[PDB]
>>> print(open('run.tsv').read())   # TSV, C-alpha atoms
chain	number	residue	atom	x	y	z
A	18	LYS	CA	63.57	104.16	60.27
A	19	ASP	CA	62.03	104.23	56.78
A	20	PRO	CA	62.16	100.76	55.16
A	21	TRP	CA	64.10	99.79	52.06
A	22	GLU	CA	61.99	99.97	48.90
A	23	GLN	CA	62.98	99.37	45.29
A	24	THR	CA	60.96	99.12	42.09
A	25	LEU	CA	62.26	96.69	39.47
A	26	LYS	CA	61.13	95.89	35.95
A	27	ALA	CA	61.85	92.55	34.28
A	28	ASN	CA	60.54	92.67	30.72
A	29	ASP	CA	56.90	93.66	31.28
A	30	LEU	CA	56.80	92.44	34.89
A	31	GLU	CA	56.96	95.06	37.61
A	32	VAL	CA	58.35	93.91	40.95
A	33	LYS	CA	58.25	96.18	43.97
A	34	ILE	CA	60.30	94.99	46.95
A	35	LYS	CA	59.90	96.37	50.47
A	36	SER	CA	61.81	95.36	53.58
A	37	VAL	CA	60.18	94.97	56.99
A	38	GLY	CA	61.67	97.92	58.86
A	39	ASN	CA	64.98	99.56	58.14
A	40	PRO	CA	67.27	96.54	57.61
A	41	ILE	CA	69.97	95.84	60.19
A	42	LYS	CA	72.25	92.82	60.55
A	43	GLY	CA	70.53	89.52	61.21
A	44	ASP	CA	67.16	88.16	60.22
A	45	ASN	CA	65.42	90.21	57.53
A	46	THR	CA	62.17	89.94	55.60
A	47	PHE	CA	61.34	91.38	52.18
A	48	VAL	CA	57.90	91.53	50.59
A	49	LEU	CA	57.82	91.24	46.79
A	50	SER	CA	54.84	92.41	44.74
A	51	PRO	CA	55.15	91.21	41.13
A	52	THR	CA	52.42	92.53	38.83
A	53	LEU	CA	51.57	92.24	35.14
A	54	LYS	CA	49.36	95.05	33.86
A	55	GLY	CA	48.57	95.85	37.49
A	56	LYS	CA	47.39	92.32	38.37
A	57	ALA	CA	49.32	90.30	40.96
A	58	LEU	CA	51.28	87.32	39.65
A	59	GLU	CA	49.78	84.39	41.56
A	60	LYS	CA	51.10	80.84	41.94
A	61	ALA	CA	54.53	81.89	40.68
A	62	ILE	CA	57.88	80.41	41.67
A	63	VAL	CA	59.84	83.30	43.22
A	64	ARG	CA	63.51	83.00	44.21
A	65	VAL	CA	65.67	85.70	45.86
A	66	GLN	CA	69.43	85.45	46.56
A	67	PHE	CA	71.66	87.94	48.41
A	68	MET	CA	75.38	88.02	47.56
A	69	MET	CA	78.34	89.87	48.96
A	70	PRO	CA	82.09	89.24	48.69
A	71	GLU	CA	83.96	89.82	51.92
A	72	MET	CA	86.70	91.30	49.71
A	73	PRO	CA	87.04	91.54	45.92
A	74	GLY	CA	88.45	88.30	44.53
A	75	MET	CA	86.75	86.07	47.07
A	76	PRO	CA	83.69	84.00	46.14
A	77	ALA	CA	80.71	85.95	47.43
A	78	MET	CA	78.87	84.94	50.55
A	79	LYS	CA	75.49	83.88	49.21
A	80	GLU	CA	72.21	83.70	51.12
A	81	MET	CA	69.19	82.02	49.54
A	82	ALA	CA	65.98	83.51	50.87
A	83	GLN	CA	63.16	81.29	52.08
A	84	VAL	CA	60.21	82.43	49.95
A	85	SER	CA	56.51	81.77	50.48
A	86	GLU	CA	53.48	83.07	48.62
A	87	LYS	CA	51.02	85.32	50.45
A	88	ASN	CA	48.12	85.54	47.97
A	89	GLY	CA	50.02	87.09	45.04
A	90	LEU	CA	52.68	88.71	47.23
A	91	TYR	CA	55.86	86.86	48.14
A	92	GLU	CA	57.60	86.91	51.53
A	93	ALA	CA	61.38	86.38	51.34
A	94	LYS	CA	63.16	85.67	54.63
A	95	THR	CA	66.94	85.66	54.97
A	96	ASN	CA	69.78	86.22	57.44
A	97	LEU	CA	72.33	88.91	56.49
A	98	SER	CA	75.19	88.56	58.96
A	99	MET	CA	77.45	91.44	57.89
A	100	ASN	CA	77.22	95.09	56.93
A	101	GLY	CA	78.00	96.19	53.40
A	102	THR	CA	76.46	96.17	49.96
A	103	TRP	CA	74.56	92.97	49.10
A	104	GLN	CA	73.76	92.18	45.51
A	105	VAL	CA	70.18	90.92	45.09
A	106	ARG	CA	68.99	88.61	42.32
A	107	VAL	CA	65.26	88.07	41.72
A	108	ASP	CA	64.23	85.05	39.61
A	109	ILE	CA	60.53	84.50	38.88
A	110	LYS	CA	58.70	81.78	36.90
A	111	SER	CA	55.02	82.19	36.18
A	112	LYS	CA	52.68	79.25	36.73
A	113	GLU	CA	52.63	78.77	32.94
A	114	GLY	CA	56.45	78.64	32.79
A	115	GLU	CA	57.63	82.12	31.72
A	116	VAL	CA	60.97	83.18	33.23
A	117	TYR	CA	61.67	86.74	34.47
A	118	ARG	CA	64.88	88.11	35.97
A	119	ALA	CA	65.99	91.31	37.66
A	120	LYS	CA	68.83	92.45	39.91
A	121	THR	CA	69.39	95.22	42.42
A	122	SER	CA	71.43	95.81	45.59
A	123	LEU	CA	70.88	96.62	49.25
A	124	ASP	CA	73.23	98.59	51.49
A	125	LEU	CA	73.14	97.31	55.07
>>> encode(input="run.tsv", output="structure tokens")
Amino acid sequence: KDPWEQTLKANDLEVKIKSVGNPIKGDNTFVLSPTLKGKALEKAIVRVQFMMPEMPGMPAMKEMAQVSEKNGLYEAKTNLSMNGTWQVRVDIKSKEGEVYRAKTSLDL
């Protein structure tokens, strides 16, 4: 019942990600909290993709999350239609144009 939570670091940017509920197949929502020196990164462009191959050697199924800003937090909505391990790529551009990248994974 505990949600999925992961802390990432991309250069000096900290990004905590927290799912809404314990993720099961279907619609899922993840809240991202990017901070620099403890201050929320506002007006950033935040992109989140989920990737899983059905078998090794196949091109991965790839889900692009729909991301919206909630006042320095970012809500990423996606549909994960099968169980397994999903790779997660987080791509963030600050308002001024600085690019940050991090990756993790989610077991569903």
>>> residues_around(input="run.tsv", residues="residue 115 (chain A)", least_positions_apart="5", cutoff="10 Å", atoms="only C-alpha atoms", output="VMD selection string")
chain A and resid 61 109 to 110
>>> write_last_selection(input="run.tsv", atoms="C-alpha atoms", output="PDB file, keeping the file's coordinate frame")
ATOM      1  CA  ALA A  61      54.530  81.890  40.680  1.00  0.00           C
ATOM      2  CA  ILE A 109      60.530  84.500  38.880  1.00  0.00           C
ATOM      3  CA  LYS A 110      58.700  81.780  36.900  1.00  0.00           C
TER       4      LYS A 110
END
>>> residues_around(input="run.tsv", residues="region 72-79 of chain A", least_positions_apart="4", cutoff="12 Å", atoms="only C-alpha atoms", output="list in words")
residues 65, 66, 67, 68, 95, 96, 97, 98, 99, 101, 102, 103, 104, 105 and 106 of chain A
>>> residues_around(input="run.tsv", residues="residue 91 (chain A)", least_positions_apart="2", cutoff="9 Å", atoms="all atoms listed in the file", output="PDB file with C-alpha atoms, in the coordinates of the input")
ATOM      1  CA  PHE A  47      61.340  91.380  52.180  1.00  0.00           C
ATOM      2  CA  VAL A  48      57.900  91.530  50.590  1.00  0.00           C
ATOM      3  CA  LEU A  49      57.820  91.240  46.790  1.00  0.00           C
ATOM      4  CA  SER A  50      54.840  92.410  44.740  1.00  0.00           C
ATOM      5  CA  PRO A  51      55.150  91.210  41.130  1.00  0.00           C
ATOM      6  CA  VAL A  63      59.840  83.300  43.220  1.00  0.00           C
ATOM      7  CA  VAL A  84      60.210  82.430  49.950  1.00  0.00           C
ATOM      8  CA  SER A  85      56.510  81.770  50.480  1.00  0.00           C
ATOM      9  CA  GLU A  86      53.480  83.070  48.620  1.00  0.00           C
ATOM     10  CA  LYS A  87      51.020  85.320  50.450  1.00  0.00           C
ATOM     11  CA  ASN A  88      48.120  85.540  47.970  1.00  0.00           C
ATOM     12  CA  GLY A  89      50.020  87.090  45.040  1.00  0.00           C
ATOM     13  CA  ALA A  93      61.380  86.380  51.340  1.00  0.00           C
TER      14      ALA A  93
END
>>> residues_near_point(input="run.tsv", point="(63.0, 97.2, 42.0)", cutoff="10 Å", atoms="all atoms listed in the file", output="tab-separated table (two decimals) with C-alpha atoms, in the frame of the given file")
chain	number	residue	atom	x	y	z
A	22	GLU	CA	61.99	99.97	48.90
A	23	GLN	CA	62.98	99.37	45.29
A	24	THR	CA	60.96	99.12	42.09
A	25	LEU	CA	62.26	96.69	39.47
A	26	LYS	CA	61.13	95.89	35.95
A	27	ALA	CA	61.85	92.55	34.28
A	31	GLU	CA	56.96	95.06	37.61
A	32	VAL	CA	58.35	93.91	40.95
A	33	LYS	CA	58.25	96.18	43.97
A	34	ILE	CA	60.30	94.99	46.95
A	35	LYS	CA	59.90	96.37	50.47
A	49	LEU	CA	57.82	91.24	46.79
A	50	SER	CA	54.84	92.41	44.74
A	51	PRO	CA	55.15	91.21	41.13
A	107	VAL	CA	65.26	88.07	41.72
A	119	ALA	CA	65.99	91.31	37.66
A	120	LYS	CA	68.83	92.45	39.91
A	121	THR	CA	69.39	95.22	42.42
A	122	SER	CA	71.43	95.81	45.59
>>> closest_residue(input="run.tsv", among="A:81, A:42, A:117, A:55", to="residue 100 (chain A)", atoms="all atoms listed in the file")
A:42
>>> atom_distance(input="run.tsv", atom1="CA of residue 19 (chain A)", atom2="CA of residue 108 (chain A)")
25.8 Å
>>> residues_near_point(input="run.tsv", point="(63.8, 98.0, 57.2)", cutoff="9 Å", atoms="all atoms listed in the file", output="compact mmCIF listing (two decimals) with C-alpha atoms, in the frame of the given file")
# COMPACT_ATOMS: atom_id res chain seq x y z
CA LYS A 18 63.57 104.16 60.27
CA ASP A 19 62.03 104.23 56.78
CA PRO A 20 62.16 100.76 55.16
CA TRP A 21 64.10 99.79 52.06
CA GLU A 22 61.99 99.97 48.90
CA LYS A 35 59.90 96.37 50.47
CA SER A 36 61.81 95.36 53.58
CA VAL A 37 60.18 94.97 56.99
CA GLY A 38 61.67 97.92 58.86
CA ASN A 39 64.98 99.56 58.14
CA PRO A 40 67.27 96.54 57.61
CA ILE A 41 69.97 95.84 60.19
CA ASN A 45 65.42 90.21 57.53
CA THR A 46 62.17 89.94 55.60
CA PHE A 47 61.34 91.38 52.18
>>> atom_distance(input="run.tsv", atom1="CA of residue 43 (chain A)", atom2="CA of residue 123 (chain A)")
13.9 Å
>>> residues_around(input="run.tsv", residues="residue 52 (chain A)", least_positions_apart="5", cutoff="6 Å", atoms="only C-alpha atoms", output="VMD selection string")
chain A and resid 30 to 31 57 to 58
